[PDB]
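Naming convention: chains lettered A, B, ... in sequence-line order (proteins, then strands); numbering from 1 in each chain. We count ligands from 1, going down the list as the structure has it; atoms in each ligand are counted the same way.
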4 protein chains.
Amino acid sequence: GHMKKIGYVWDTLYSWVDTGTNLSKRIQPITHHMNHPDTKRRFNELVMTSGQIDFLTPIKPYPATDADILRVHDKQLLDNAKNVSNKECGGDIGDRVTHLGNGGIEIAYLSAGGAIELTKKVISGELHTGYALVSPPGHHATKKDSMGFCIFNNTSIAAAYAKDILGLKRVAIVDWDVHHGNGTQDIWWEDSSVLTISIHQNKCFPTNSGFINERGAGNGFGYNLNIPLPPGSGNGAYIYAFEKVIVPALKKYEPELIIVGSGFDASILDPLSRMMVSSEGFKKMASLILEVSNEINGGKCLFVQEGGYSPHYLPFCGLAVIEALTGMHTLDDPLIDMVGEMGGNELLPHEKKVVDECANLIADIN
Amino acid sequence: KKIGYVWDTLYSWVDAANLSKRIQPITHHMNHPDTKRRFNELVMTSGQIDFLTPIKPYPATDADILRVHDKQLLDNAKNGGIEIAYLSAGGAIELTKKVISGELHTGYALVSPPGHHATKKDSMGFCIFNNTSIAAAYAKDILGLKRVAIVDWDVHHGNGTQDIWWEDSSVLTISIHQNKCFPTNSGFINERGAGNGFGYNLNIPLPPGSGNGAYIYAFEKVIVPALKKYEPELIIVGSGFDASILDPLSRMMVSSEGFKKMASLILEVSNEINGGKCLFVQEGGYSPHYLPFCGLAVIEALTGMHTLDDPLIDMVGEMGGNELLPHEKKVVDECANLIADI
Amino acid sequence: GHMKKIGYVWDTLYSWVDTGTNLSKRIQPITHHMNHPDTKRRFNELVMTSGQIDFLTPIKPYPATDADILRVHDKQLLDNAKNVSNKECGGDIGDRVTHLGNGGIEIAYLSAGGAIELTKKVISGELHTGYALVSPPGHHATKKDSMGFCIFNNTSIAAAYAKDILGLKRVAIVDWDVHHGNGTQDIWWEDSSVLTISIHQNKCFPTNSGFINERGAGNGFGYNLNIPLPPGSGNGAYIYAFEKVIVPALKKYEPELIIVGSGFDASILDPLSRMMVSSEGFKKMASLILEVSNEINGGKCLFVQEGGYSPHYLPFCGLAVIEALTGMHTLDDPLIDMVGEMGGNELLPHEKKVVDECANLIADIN
Amino acid sequence: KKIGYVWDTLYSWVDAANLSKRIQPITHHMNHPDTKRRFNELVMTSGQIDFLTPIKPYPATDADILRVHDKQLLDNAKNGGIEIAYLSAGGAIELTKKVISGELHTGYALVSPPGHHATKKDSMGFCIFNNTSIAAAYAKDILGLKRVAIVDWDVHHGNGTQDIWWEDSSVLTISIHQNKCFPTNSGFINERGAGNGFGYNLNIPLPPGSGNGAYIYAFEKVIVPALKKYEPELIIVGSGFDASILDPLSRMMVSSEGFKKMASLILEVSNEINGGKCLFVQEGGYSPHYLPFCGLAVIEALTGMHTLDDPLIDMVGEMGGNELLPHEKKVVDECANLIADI
Ligand SMILES: O=C(CCCCCCNC(=O)c1cnc(N(c2ccccc2)c2ccccc2Cl)nc1)NO
Ligand SMILES: O=C(CCCCCCNC(=O)c1cnc(N(c2ccccc2)c2ccccc2Cl)nc1)NO
Ligand SMILES: O=C(CCCCCCNC(=O)c1cnc(N(c2ccccc2)c2ccccc2Cl)nc1)NO
Ligand SMILES: O=C(CCCCCCNC(=O)c1cnc(N(c2ccccc2)c2ccccc2Cl)nc1)NO
Ligand SMILES: [K+]
Ligand SMILES: [K+]
Ligand SMILES: [K+]
Ligand SMILES: [K+]
Ligand SMILES: [K+]
Ligand SMILES: [K+]
Ligand SMILES: [K+]
Ligand SMILES: [K+]
Ligand SMILES: [Zn+2]
Ligand SMILES: [Zn+2]
Ligand SMILES: [Zn+2]
Ligand SMILES: [Zn+2]
C-alpha cells in the first residue's frame with residue numbers, strides 16, 4: 001500500500017481488570033488501588049480525544065492460546081492462573097499484590113494476544129510499527145511465577161511467538177518500565193537468541209535484582225544487560241543511557257525485531273519510582289528506538305505497555321510516544337514548562353558513572 | 001504525660017481541568033482529605049490516642065491572620081471554606097498557647113489546610129493562611145516571646161514563611177526541601193534574609209533521590225546546631241510527609257523511621273535548650289498508603305509508645321536512600337557554613 | 001445495501017464531562033457526584049465487551065452548530081453557556097446542579113450533534129434505527145434555561161433539524177426518562193408539528209411540572225401528553241402505559257419520525273426515582289416503539305440517551321434496549337431473577353387509573 | 001442530660017464481579033464506609049456531639065454471640081474483619097448496659113457492620129452477627145430482663161431477628177419494611193412466630209412508594225399500640241435509613257422529618273411505659289448525600305436540640321409520599337389486627 005501504517009492495539013477488556021482485594025496491623029483498607037484501570041484508560045482516552053487515533057491503524061487483539069503461554073511459562077504457572085480465575089471471588093496469585101477477578105484470566109490471555117497480534121502484523125509488513133496498550137502487564141512474570149501485577153510475560157510470549165512461528169532467530173526486548181524486568185531476564189537467562197535489556201531505578205522493584213553483574217549464563221552470558229540508574233535520574237541520564245548503551249548494544253546484536261516494554265512509571269509524578277522523566281524524555285526514548293530499528297532491521301519494532309501509575313501525567317507521557325510513532329504532534333504536554341525546571345534534564349556524575357560501566361558490557365554482545 | 005493532639009472533623013471537610021488542552025477531569029484531586037484523614041484514624045485505631053491529650057481548636061481571628069498577612073490576602077480569602085482556614089490556624093495557636101503555658105510539653109496539630117506557601121501577600125499551593133507563622137506571631141505578640149524558630153521539613157520550600165520573616169531576626173526560619181520542587185524558582189541557599197533578618201533564613205535544598213541518610217545528616221549537621229546557636233524560646237515544626245518514599249509530589253526517599261528520627265532530634269534539642277517547648281503542625285503529604293505510618297512514627301516519638309510496626313520497614317530498608325551520598329553531603333556541608341551568621 | 005444497519009453514536013468526549021464543583025449548612029463535600037461519567041461509560045463499555053458492537057454501525061458525531069442550537073433555544077441561553085465554558089474553572093449554569101468544565105461547551109455541541117447525525121442517517125435510509133449514547137442530556141433544557149444537567153435539548157434540536165433541513169412535517173418525541181421532560185414540553189408547547197410525550201414519576205423532577213392537564217396551548221393544544229405514574233410503578237404500569245397510551249397516540253398522530261428520549265433512571269436501582277423498571281421492561285418499551293414505527297412510518301425511529309444513575313444496573317438496562325434494536329440477545333441480565341420477584345411487574349389499580357385518564361387525551365390528537 | 005453515642009473509628013474500617021457474565025468490576029461498593037462515616041462526621045460538625053455522652057464500645061465475647069448464634073456461624077466467621085464484628089455487637093451491648101443501669105436515659109449506637117439479617121445459623125446481607133438480638137439476649141440473660149422489644153425500621157426485612165426469637169415470646173420482634181425488597185421471599189404478615197412465640201413476631205410489609213404518611217400511620221396504629229400491649233422492659237430499635245427517598249436499595253420516600261417523628265414516637269411511648277429505656281442501633285442505609293441528615297434528625301430527637309436544617313426539606317416535601325394512600329393504609333390496618341394476639 002501507499003499509506004503510513006502505525007498500529008494501535010486496545011480493547012475495552014483491558015480496562016476491566018479487577019484490582020480489588022490487614023486489620024491486625026492497622027492497615028486501613030484502600031478503595032482505589034495502585035493499579036486501578038483509570039490510569040491506562042486515561043491514556044487510551046487521550047489517544048482518542050487528541051486526534052492521534054486518526055493517524056493510527058486499530059488492531060483487534062485475539063486471545064493468546066495456552067500453547068503461546070507455555071512457550072515461556074511453566075504449566076504450573078498457567079494451572080495456578082486458571083485455578084484462581086475460576087474462584088467465585090477470584091483471588092491473589094503469585095505474590096501479595098497480583099490479583100485476578102473471577103474470569104480475569106481472559107484479560108491476561110487477551111493482553112498477551114495483543115502483543116502477539118502487533119508482532120505478527122509488524123513482521124509481516126502490514127504495519128511499520130505500533131503500540132499495544134495492553135493490561136495486565138508482563139515483565140515480572142518469570143518461568144515459574146506471576147508477580148508484580150503480571151500474570152503472563154507479554155513481551156516474552158511475543159518474542160517466543162516471533163521465533164517459533166514467524167522464523168526469527170534474534171529478538172531484543174528493551175524494557176524501560178522503571179522497575180526491573182526480572183521475569184524477562186529469567187525467561188531468556190540462558191538464551192542468546194533474545195537480548196534482554198532493562199533500564200530501571202536501582203533496587204526499586206524487585207529490591208533484590210536488576211544489578212549490573214546479572215548478565216545471563218551459559219549460551220546466554222552477555223545477552224542480558226541491566227542499567228540500574230540512581231533515584232532522581234531524569235531525561236539526562238535516560239537519554240544518555242539510550243545513546244551510550246542501549247542503541248550501541250542493539251546495533252551490535254542486530255536483532256530482527258525490537259520489542260519495547262513501555263512503562264511510564266519513570267515519570268516525574270509516578271508514586272512507584274523516584275525518577276524524573278518527562279514526556280519529552282519518553283518521546284526521545286521512543287524516537288531513538290525507531291531510528292536504530294530503521295537503521296538495522298528496516299523498522300521492525302513495536303511497543304507494549306508495562307507499568308505506570310500517574311493518572312494526571314501518564315496519558316501525556318504515553319501520547320508523546322504515540323506522537324513519536326505517528327509523526328503528528330497534535331497536542332502539547334501541559335506540564336512541560338513546570339516539569340522542565342525541576343531538575344533531571346542534566347546528566348549527573350553518579351548517573352554517568354553507572355551508564356559508562358554498563359557501556360563496558362557491549363563488548364560481550366555478539 | 002501531656003502530649004497534645006489537635007484534630008477537628010472539619011479539617012477533613014476541605015472541598016483545573018481544561019478541555020481544549022485535552023486535560024481530562026480528575027475526580028479524586030491531589031489534596032483530597034483522605035490522606036490526612038487516614039493519619040487521624042490511625043492515631044485512633046493504633047491506641048496512640050490513649051497517650052495523647054485532645055486539644056479543641058478554636059477559630060483564629062482576623063487580627064491573628066493580620067499579624068503576618070496583608071488585608072488584601074484576607075479580603076481575597078473572604079471574597080464558605082474560609083471557616084476551615086480559620087480553624088486550622090486556630091489549632092496551631094491553641095497548641096502554641098498550651099505548650100508555652102506549661103499545660104502541655106509538646107504535641108501535634110493535625111490541621112488542614114496547610115500553610116507554609118502563604119506569603120504576606122498571597123495564598124498559594126493549597127495554603128490559605130500561614131499557620132505556623134500565625135502561631136509564631138501569636139507567641140511573640142501576645143505571649144511575649146522574643147525568639148521563635150520555625151523548622152519546615154515538608155518536602156517543598158516554605159516560601160511563604162521565608163517571605164513573612166524575611167527582614168526579621170526574631171523568627172529563625174529553616175526549610176529543608178527538595179531543590180527546585182515547589183515553587184520551582186525558590187529555596188536556594190543564597191536566600192538568607194535581608195536587613196536585620198540577614199542570616200536568619202536558612203534553606204537546605206537537597207537533591208532529588210535523597211533519603212534518610214541525607215535528611216538525618218542535615219538535621220544533625222545543620223538544623224540542630226543552628227537551633228542551639230539561635231536559642232529559640234519556642235520551636236514550631238512545619239511537619240509535612242511528602243518527602244516519603246511513596247509521595248507523588250517529590251522524589252525523596254524518607255521512611256517512617258526517618259521521620260521518627262527527625263522528630264526525635266527536634267524534641268531532644270528542645271528538651272536541652274528551651275524546656276522542650278516545641279510543637280508540630282501538619283503541612284503537606286499525599287500518600288494515602290504510607291503517610292499515616294509516617295505521621296504515627298512522629299506521634300510515637302512524642303509519646304514514647306511504640307504500639308505498631310511500619311508494614312514497609314523491610315521493603316524500603318532495601319531500596320536505598322539510607323546511605324549519605326557525596327552530592328548530598330556537599331549540599332549539607334555548604335548549608336552548615338551558614339550557621340556562623342546566626 | 002443488503003446489511004441490517006443499526007447505528008451506534010458514541011464519542012470518548014461524552015465521558016469527559018466535568019461533574020465537579022455548602023459548609024455553613026454542614027453539607028459535607030461529595031467527591032463522586034451523582035452525574036459522574038462512570039454510569040454511562042459502563043454502558044458504552046458493556047456494548048463493547050458484550051459483543052453487541054459487532055452488530056452495530058458506529059456513527060461518528062459531529063458538533064452541532066450555533067444555528068442548530070438557536071432553532072430551539074434563546075441566544076441568551078447559548079451566550080450563557082459560552083460564557084461559563086470560557087471561565088478558567090468553568091462553573092454552574094442555569095440552576096444549582098448543572099455544571100460546565102472549562103471548555104465543556106464542546107461536549108454539549110457534540111452531544112446535540114450526535115443526535116443530529118443519527119437523525120440524518122435514519123431519515124436518509126442509511127440506517128434503519130439506532131442509539132445515540134450522548135452526554136450531557138437534554139430534556140430539561142427549555143427555550144430559555146439550561147437545567148437538570150442539561151445544557152441543550154438534544155432531542156428537540158434533532159427534531160427541529162429534521163423539520164427545517166430534512167423536510168419533515170410531523171415528529172414525535174417520546175421521553176421515558178423517569179423525570180419530566182419539561183424542556184421539550186416548553187419548546188414545542190404551542191406547536192402541533194412536534195408531538196411531545198413524557199412518561200415519568202409524578203412530582204419527581206421538576207417537582208412542579210409533568211401533570212396530566214399540561215396539554216399545550218394554541219395550535220399546540222392536545223399535542224403534549226404527560227403520563228405521571230405513581231412512585232413504585234414498574235414493568236406492569238410502564239408496559240400498560242405504552243400499550244394503552246403511547247402506541248395509540250403515535251398511531252393517531254402519524255409522525256414521520258419518532259425520537260425517543262431514553263433514560264434508565266426508572267430502573268429499580270436508580271437513586272433518583274422510586275420506580276421499579278427492569279431490563280426486561282426497557283426491552284419491551286423499546287420493542288413497542290420499534291414495532292409501531294415499522295407500522296406507521298417504515299421504522300423511522302431512534303433513541304437518544306437521557307438520564308440514569310445506577311452504575312451496577314444501567315449498563316444492563318441500556319444493553320437490553322440495544323439488543324432489542326439488533327435482534328441479537330448475547331448476554332443475560334444477571335439481576336433478572338432477583339429484581340423480578342421484588343414487585344412492579346403487576347399493574348396496580350392506582351397505576352391503571354392514571355394511565356386510563358391519560359388514554360382519554362388521545363381523542364384530541366389529530 | 002444523658003444521651004449516649006457509640007462510635008469507634010474501626011466501624012469505618014470495614015473492608016462479586018464476574019467477567020464471563022460481563023459484570024464490570026465496581027470500585028466503590030454498595031456498603032462502602034463513607035455513608036455511615038458521613039453520619040458520624042455530621043454528628044460532630046453540627047455540634048450535636050456537645051449534647052451527647054460518648055460511649056466507648058468493647059468487644060463482644062464469643063459467649064455474647066453464642067447466646068443467639070450457633071457455633072457453626074461463629075466458626076464460619078472466624079475461619080481479620082471479625083474484630084469489627086465483635087466491636088459492633090459490643091457497642092450495642094455497651095449502650096444496653098448503660099441504659100438499663102440508669103447511667104444513660106437513651107442513646108444511639110452508630111455501629112458497623114449491621115446485624116438484622118444474621119439468623120441463628122447464617123450471616124448474610126452485610127450482617128455477620130445480629131447486634132440487636134445479641135444486646136437483647138444480654139439484657140435478658142445477664143441483666144435479668146423478662147421482656148424485650150426489637151423494633152426494626154431498616155427498609156429491609158429483619159429475617160435474622162425474626163428467626164432468632166421465632167419460638168420466644170420474651171422478645172417481641174417487629175419489622176417494618178418494603179414488601180419483598182430483601183430478602184425477596186420473607187417478611188409477610190403471616191410470619192407470626194411459632195409455639196410459645198406465636199403472636200410475638202409482627203411484620204409490616206409496606207408497598208413500594210410508601211413515604212412519611214404510611215410510616216407514621218404504621219407507627220401510630222400498629223407499632224406503638226403493640227408496644228403498649230407487650231409492655232417491654234427495654235426497647236431496642238434497629239435504625240436503618242435505607243427507607244429514605246434517595247436510597248438506591250429501596251423504593252420508599254421517608255424524609256429526615258419522617259425518621260425524626262418515628263424516633264419521637266418510640267421515645268414517647270418508652271417514656272410512658274418503661275421509664276424511657278430505649279436505644280437505637282444502626283442498621284442499613286446507602287445514600288451518602290441524605291443518610292447523614294436522616295441520622296442527625298434521629299439524634300436531634302434524642303437530644304432535643306435542633307441545630308441544623310435538612311437542606312432537602314422543601315424538595316422532598318413536594319415529592320409526595322406524605323399522603324397516606326388507600327393501598328398503604330389497608331396493609332397497616334391488616335397488621336393492626338395482629339395486636340390482639342400480643
Ligand atoms: O509497575 C510495576 C509494579 C510492580 C509491583 C509493585 C508493587 C506495588 N505495591 C502495592 O501496590 C501495594 C503493596 N502493599 C500495600 N499495602 C501493604 C503493605 C505491606 C503489608 C500489607 C499491606 C497497603 C495496603 C493498604 C494500605 C496501606 C498499605 Cl502500605 N499496598 C499497595 N512493575 O513494573
Ligand atoms: O505539599 C505541597 C503542595 C503545594 C502545591 C503543589 C502543586 C500541586 N499541583 C496540583 O495538584 C495539580 C496541578 N495541575 C494539575 N493539572 C493541570 C496541569 C497543567 C495545566 C492544567 C491542569 C491537571 C488537572 C487535571 C488532570 C490532569 C492534570 Cl495534569 N493537576 C494537579 N506544598 O508544601
Ligand atoms: O436525570 C435527570 C436529573 C435531573 C437533575 C436532578 C438533580 C439531582 N440533584 C443532585 O445531583 C444534587 C442536588 N443537591 C445536592 N446537595 C445539596 C442539596 C441541597 C442544598 C445544597 C446541596 C448535596 C451536596 C452534597 C452533599 C449532600 C447534598 Cl444533599 N446534591 C446533589 N433528569 O432527567
Ligand atoms: O441494608 C441491607 C442490605 C442487605 C443486602 C442487600 C444486597 C445488596 N446487594 C449488593 O450489594 C450487590 C449484589 N450484587 C452485585 N452485582 C452482581 C449481581 C448479580 C450477579 C453478580 C454480581 C454486581 C457486582 C459488580 C457490578 C455490578 C453488579 Cl450488578 N452488586 C452489588 N439490609 O438491611
Ligand atoms: K538473554
Ligand atoms: K525496566
Ligand atoms: K527570618
Ligand atoms: K520545607
Ligand atoms: K407539542
Ligand atoms: K420522561
Ligand atoms: K419473638
Ligand atoms: K425492617
Ligand atoms: Zn513498573
Ligand atoms: Zn509539601
Ligand atoms: Zn432523568
Ligand atoms: Zn437495610
Could you verify whether a donor N or O on one side chain and an acceptor N or O on the other, from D163(B) and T161(B), lie under 3.5 Å apart?
no

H200(C) near the K ion (ligand 10): N/O/S under 3.4 Å
no

Decide yes or no for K36(B) and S12(B): does some side-chain heavy atom of the first lie under 4.5 Å from some side-chain heavy atom of the second?
no

Take every heavy atom of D154(B), measure it against each atom of ligand 2, and state whether any distance is under 4.0 Å.
yes

At a threshold of 3.4 Å, where the distance has to be below it, does the K ion (ligand 9) have an N, O or S atom of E190(C) nearby?
no

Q185(C) backbone or side-chain N/O/S under 3.4 Å from the K ion (ligand 9)
no

So for ligand 2, is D242(B) a polar contact partner (N or O within less than 3.5 Å, distance only)?
yes

Could you check whether atom 32 (N) of ligand 2 has a protein contact, counting only heavy atoms that fall below 4.0 angstrom?
yes

Would you say ligand 2 has an N or O under 3.5 Å from any N or O of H156(B)?
yes

At less than 4.0 angstrom from any non-hydrogen atom of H116(B), what atoms of ligand 2 do you find?
32 (N), 33 (O)

So that I can check it, does any N, O or S atom in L195(C) come closer than 3.4 Å to the K ion (ligand 9)?
no

Charged N to carboxylate O below 4.0 Å: is that the case for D332(A) and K21(B)?
no

Assess the pair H200(C) and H180(C): is the distance between their ring centroids shorter than 6.0 Å?
yes

For a 4.5 angstrom cut-off between non-hydrogen side-chain atoms, does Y238(C) reach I199(C)?
yes

Does some non-hydrogen atom of the protein lie less than 4.0 angstrom from atom 1 (O) of ligand 2?
yes

Could any protein non-hydrogen atom be found less than 4.0 Å from atom 18 (C) of ligand 2?
yes

Tell me, which protein residue and heavy-atom name are nearest atom 7 (C) of ligand 2, and how many Å apart are they?
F182(B) CE1, 4.1 Å

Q305(C) side chain to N154(C) side chain, donor-acceptor N/O pair below 3.5 angstrom
no

So, does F126(B) sit close enough to ligand 2 that a heavy atom of it is under 4.0 Å from the ligand?
yes

Within 4.0 Å of atom 13 (C) of ligand 2 (strictly less), any protein heavy atom?
no

Can you name the N/O/S atom of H179(C) that is nearest the K ion (ligand 10)?
O

For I26(B), the ligand 2 atoms with a heavy-atom partner under 4.0 Å come out as 26 (C)

Applying a heavy-atom cut-off of 4.0 Å, say which part of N18(B) lies close to ligand 2: side chain, backbone, both or neither.
neither

Does the shortest distance from the K ion (ligand 10) to an N/O/S atom of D177(C) fall below 3.4 Å?
yes

Ligand-residue contact atoms, ligand 2 with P334(A), heavy atoms, under 4.0 Å:
19 (C)

Decide whether the shortest distance between a heavy atom of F316(A) and an atom of ligand 2 is less than 4.0 Å.
no

Any N/O/S atom, side chain or main chain, of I199(C) closer to the K ion (ligand 10) than 3.4 Å?
yes

The K ion (ligand 9) contact by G216(C), N, O or S atom under 3.4 Å:
no

